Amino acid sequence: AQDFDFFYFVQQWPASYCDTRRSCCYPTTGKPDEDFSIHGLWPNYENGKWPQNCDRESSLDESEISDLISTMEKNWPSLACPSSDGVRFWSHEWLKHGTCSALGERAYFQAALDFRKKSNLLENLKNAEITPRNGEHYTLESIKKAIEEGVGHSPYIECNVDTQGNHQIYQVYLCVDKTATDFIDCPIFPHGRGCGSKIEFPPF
């Protein structure tokens, strides 16, 4: 029956996408909030492979999520250049991953928004006294533990490197069950050997 096993729910730390050697452009709506934003909700298999581009005939219909656009501009902004309203980013995510989710367009985007709010990363880190600042000031362990206490499941953290060589928290992966109802323990995690023991949680 069900075409896949679980979802990776991926969030990015905007400031870490914008302090690297690559180009970053603020959205048509201006500088994003200093908070974790959605990268994607990705159907996946327990074997590490995943389905993608399941219905190449299905394009993103904005009327279906009209009332959600202003919220998505702030919670799912595109930071790529050139600057955009996010729609291209959302259309691409819908076509590549959403069409493989078994969810209708609105349910897919509502699920991503709902899980970003539920995971409440910035606040869970704040409770643990982990707040944005420059330099590799935080242990990776404290970051994972803070998120885990708040979500009830352990995240996978992907790090990248800023312009000054600092290793920084870049993306956070959590797993959601195939019916997109709750967070679950991840059956598998990516293997992108990354994140030293001390990392940066950069401000904008």
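Residue positions are given as counts along the sequence shown, with the first one as 1.
For the pair 5-13 and 180-188, the record assigns the higher mean C-alpha temperature factor to 180-188.
Here the stretch with the larger average CA B-factor, out of 36-44 and 59-67, is 59-67. For the set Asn160, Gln164, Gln52, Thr139, the maximum C-alpha B-factor listed in the entry falls on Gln164. Within the group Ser84, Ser101, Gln110, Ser119, the record's highest C-alpha temperature factor is found at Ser84.
For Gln171, the recorded CA temperature factor ranks within the lowest third of the chain's modelled residues. For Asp114, the recorded CA temperature factor ranks within the lowest third of the chain's modelled residues. Placement of the Cα temperature factor of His92 within the chain: middle third of the modelled residues, per the deposited record. When the CA B factors of the chain's modelled residues are split into thirds, the value for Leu125 lands in the middle one.
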